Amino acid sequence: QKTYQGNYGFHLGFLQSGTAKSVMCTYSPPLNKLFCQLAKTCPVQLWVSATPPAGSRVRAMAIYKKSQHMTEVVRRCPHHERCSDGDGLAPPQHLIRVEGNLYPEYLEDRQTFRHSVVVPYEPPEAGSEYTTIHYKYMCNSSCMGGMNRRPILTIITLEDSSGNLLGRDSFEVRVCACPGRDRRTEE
């Protein structure tokens, strides 16, 4: 999926991490791919060159990477959907959750039925140049009945208060037991 920096120069950034066996979350620049453990927090940085209009919003959605699976809604496997790990906010079917935000909106498209989670866009804290949002993935890439070993992309869209696109970026995700090991192999 093509990026769209748009008028506000929107794009994502990730902390630099290694490939030690015990790392719980690690991003690969060369693959533009995040590797992470099940339900562990992933800080994703939002960068802009100009401040978006007030009331702008940030949406995250998962899609299958491969063309033959791309029309299938990404969702949790039935086992994980029933395992009672809710936070009181996220519906149990949603793969992507946000943490550390008081205003998340868990949404289902009325025509495509795809899931997403939206939070307000906030400018970077004092003496910072990015904004951070903490995402977690609630299923393994290997979940039978769910992603079933199929790679996904996370699409992050910056939207205005009317829901019009302002900017888009994306990254591949692999949710796995040993992110350190798998990044190095895939690399």
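Sequential numbering from 1, following the sequence displayed. Take the two forms, find the largest set of C-alpha atoms that superpose within 1.5 Å, and that set is the rigid core.
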**OP:** May I ask which stretch, 144-152 or 119-127, sits farther from the shown form in 4 other deposited structures of this protein once every structure is superposed on the core, judging by RMS CA distance?
**Re:** 144-152
**OP:** Quick one: core-superposed, which stretch strays further from the shown model in 4 other deposited structures of this protein, 134-142 or 60-68? Go by RMS C-alpha distance.
**Re:** 134-142
**OP:** Look over 124-132 and 152-160 in the entry and identify the one with the greater average Cα temperature factor.
**Re:** 124-132
Original post:
So which stretch wins on mean C-alpha B-factor, 114-122 or 33-41?
Top reply: 33-41
Original post:
With respect to the C-alpha temperature factors reported in the PDB entry, which of 87, 72, 105, 108 ranks highest?
Top reply: 87
Original post:
What's the residue among 58, 143, 46, 63 with the greatest CA temperature factor in the PDB record?
Top reply: 143
**OP:** Sorting the chain's modelled residues by C-alpha B-factor, tell me whether residue 167 ends up in the lowest, middle or highest third.
**Re:** lowest
**OP:** Would you please rank residue 5 by its C-alpha temperature factor against the other modelled residues of its chain and give the third it falls in: lowest, middle or highest?
**Re:** lowest
Subject >> B-factor third for the C-alpha atom of residue 83 within its chain >> reply: highest
**OP:** Within this chain's modelled residues, let me know which third the CA B factor of residue 15 belongs to: lowest, middle or highest.
**Re:** middle
Subject >> residue 175 - which third its CA temperature factor falls in, relative to the rest of the chain >> reply: middle
